[PDB]
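Beneath this line is the structure, given in structure tokens, with notes to follow.
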Amino acid sequence: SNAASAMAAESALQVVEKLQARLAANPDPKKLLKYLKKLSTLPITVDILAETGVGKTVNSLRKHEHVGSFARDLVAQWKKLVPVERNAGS
């Protein structure tokens with residue numbers, strides 16, 4: 001059954017978390033892009049972004065020229081999930 005599955009029970013949350021751990025321990029810029037692509041192919045929700053804090057991590061990864069191009073788009077895809085205000089002075 002999908003519920004109480006004895007195998008492949010890994011929630012998107014759990015997979016993102018374990019990848020984010022590998023992002024902080026960054027072994028290669030080559031592997032960093034592979035990691036980002038995995039965060040992007042999971043159903044990311046605002047709940048995951050909040051618990052993992054992965055938004056902070058990937059926004060920081062934008063500093064690397066090697067993976068910053070994809071990391072930018074990664075934050076851009078996540079910006080669609082979170083609410084966005086347009087408060088300004090006048």
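Whenever a residue of segment 54-76 is in contact (Cβ under 8 Å) with a residue 12 or more places away in the chain and surrounded by 16 or more Cβ atoms within 10 Å (Cβ to Cβ), its partners that are of a type in the set (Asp, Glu) and assigned to a helix (DSSP H, G or I), lying with C-beta atoms within less than 9 angstrom and at least six residues away or across chains, give the pairs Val54/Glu17.
When you look at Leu13, is it outside any helix (DSSP H, G or I) and surrounded by 15 or more Cβ atoms within 10 Å (Cβ to Cβ), yes or no? No: the conditions fail for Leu13.
Pairing each residue of segment 35-52 that is without any contact (Cβ under 8 Å) to a residue 60 or more places away in the chain and of a type in the set (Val, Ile, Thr) with any residue that is in a loop (DSSP other than H, G, I, E, B) and surrounded by 13 or more Cβ atoms within 10 Å (Cβ to Cβ), provided the two are 6+ apart or on different chains, yields C-beta distances under 7 Å for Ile44/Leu81; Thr45/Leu81; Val46/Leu81. Here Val82 meets each of (1) exposed (fewer than 13 other Cβ atoms within 10 Å of the Cβ); (2) under 26 Å from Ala8 (Cα atoms); (3) touching a residue at least 12 places away in the same chain (Cβ under 8 Å); (4) out of contact with any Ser or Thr (no Cβ under 9 Å at 6 or more places or on another chain) with one exception, condition (2).
Would you check which residues across segment 56-80 are of a type outside the set (A, V, I, L, M, F, W, C) and either assigned to a helix (DSSP H, G or I) or under 15 Å from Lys34 (Cβ atoms) (or both) and list them? Answer for segment 56-80, where residues must be of a type outside the set (A, V, I, L, M, F, W, C) and either assigned to a helix (DSSP H, G or I) or under 15 Å from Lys34 (Cβ atoms) (or both): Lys56, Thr57, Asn59, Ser60, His64, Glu65, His66, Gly68, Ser69, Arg72, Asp73, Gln77. Taking the conditions exactly as written (hydrophobic (A, V, I, L, M, F, W, C) and surrounded by 11 or more Cβ atoms within 10 Å (Cβ to Cβ)), does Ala8 satisfy them or not? When the stated conditions are applied, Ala8 does not pass them.
Bear in mind that the values in this text are calculations on the coordinates, not laboratory data. In this analysis, Cβ positions are derived from the backbone assuming ideal geometry, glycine residues included, and neighbour counts consider all displayed protein chains.
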